[PDB]
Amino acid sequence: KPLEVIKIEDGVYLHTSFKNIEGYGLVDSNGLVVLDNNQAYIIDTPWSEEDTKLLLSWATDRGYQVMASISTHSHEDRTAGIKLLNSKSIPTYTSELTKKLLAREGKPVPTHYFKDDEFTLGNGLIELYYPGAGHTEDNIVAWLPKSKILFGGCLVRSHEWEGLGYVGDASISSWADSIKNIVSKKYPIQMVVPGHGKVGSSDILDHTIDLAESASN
């Protein structure tokens, strides 16, 4: 079941890839493509090399030049495409921590990484922030100031979920404070895109804090 790419605001597309788990069924994973004229930036690669190449043809068939990708945590749902993008001399970015985790697990690493808790791509198009551990030790978020989209990735949970889900790599203790760190940025959020499931509003944030503060005890 192939990549889907759908418009969700001007110059912002939601890309969704799928995995068929034999005995369970189909799960999905979300990234974004962000356009600035004919320059494209990918937030999270698709979940396979094959879906990443489709995403690459989606962009190049439209006359876009993919300038970069940024992966929001070290796991394969967000990094499967890094080797392929590296093979094509499109710059790949992660936090320094995400880069070091990939290296430790023997995985291809990005060609670029940022050291602070804050980083920007596309001359202000994408603002990246490390709010603290949550779903994973290294999860970051992306704020899109024009469209007022917050890409929360796996650090936020859609309303389809009455539970935080997998927590093996989680800091359950710290996951609520990391969200409150995002709230303190005081972003004018109109939409929140989760790593899995449906797009919602800023409400997705309080909703995740609750699944979190709940699980704390």
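The first residue of the sequence shown is number 1, and the count goes up from there.
Student: When the C-alpha temperature factors are averaged for each of 57-65 and 179-187, which stretch ends up with the higher value in the entry?
Tutor: Mean CA B-factor is higher for 179-187.
Student: Regarding 151-159 and 31-39, which shows the higher C-alpha temperature factor on average in the entry?
Tutor: Per the deposited B-factors, the answer is 151-159.
Student: Looking at 195, 11, 23, 200, which one carries the largest C-alpha B-factor according to the PDB entry?
Tutor: Answer for 195, 11, 23, 200: 23, with the highest C-alpha B-factor.
Student: Out of 77, 137, 127, 105, whose C-alpha atom has the biggest B factor in the entry?
Tutor: Each of 77, 137, 127, 105 was compared by C-alpha B-factor; the highest is 105.
Student: Using the B-factor values recorded in the entry, state whether the Cα atom of residue 44 falls in the lowest, middle or highest third among the modelled residues of its chain.
Tutor: Ranked within chain, residue 44 CA B lands in the lowest tercile.
Student: Considering only modelled residues of the same chain, in which third does the CA B-factor of residue 100 rank: lowest, middle or highest?
Tutor: Ranked within chain, residue 100 CA B lands in the lowest tercile.
Student: Within this chain's modelled residues, let me know which third the CA B factor of residue 88 belongs to: lowest, middle or highest.
Tutor: Ranked within chain, residue 88 CA B lands in the highest tercile.
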